[PDB]
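Let's start with one chain on its own, the form deposited in one PDB entry, as structure tokens.
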């Protein structure tokens, strides 16, 4: 894009970025404009007499390059950019900061046969990298990496305990536990931002499946009470009180 031929492509992206300020911030409107812009610039990469040209993979990389450049510029305007998203982030952070202190694998129906003794530490850490990145793709990759790590660790546990291959019954509870333990900041806003701004053609397949798992994890976690983690009413509230004290 620093090439003298790319001149007007650069002017086209820059004028999108500045003409994005002109309208009052609105998530559902904004993300429509961004995807339309992505679709159009995508089309303009492949159709360009100069670019005909690149392999499919290379064209896909330019799409991600475009996504990263544009979203980095638009980040503060579009990320956690209203009161209800800020409130929801804080509620989720608050709930997890307490629950992580007393939650155990049996609370979520994780069987001792699928125990990991690091408590899937590496997966926790992959998830926490989420606020190291601004591009939706790089945020999503942290999520996908977390999921791939969990899956490989579940596979090892079934090898060691001569069990059947793990499914969603194994994976989801472990993703929930791992998310509670990692408590990544602005998890609500991060998921919404990926869902809204990831190149739409790419939030598909296995990526979409694991993304749906983490959205469902968020939802479960938001709604944790005594019954949903199999603790007595009085035991749960007592656990929450000690958690607030530390």
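Positions refer to the first chain, counted from 1. What we label the rigid core is the largest C-alpha set whose atoms superpose within 1.5 Å from one form to the other.
Although it is not shown, the form deposited in another entry is what the next lines describe.
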| property | result |
| --- | --- |
| Rigid-core-referenced C-alpha movement of 2 Å or more between the shown form and the other one, selected from 208, 32, 215, 54 | 54 |
| Exceeds or equals 2 Å, Cα of residue 173 between the shown form and the other one, core fit | no |
| CA of residue 155, rigid core aligned, shift of 2 Å or more between the shown form and the other one | yes |
| Yes/no, residue 114 Cα shift of 2 Å or more between the shown form and the other one with rigid core fixed | yes |
| Closer or farther in the other entry, the Cα atoms of residue 97 and residue 113, when the shift from this form is 3 Å or more | closer |
| Sense of CA distance change between residue 100 and residue 119 in the other entry, threshold 3 Å | farther |
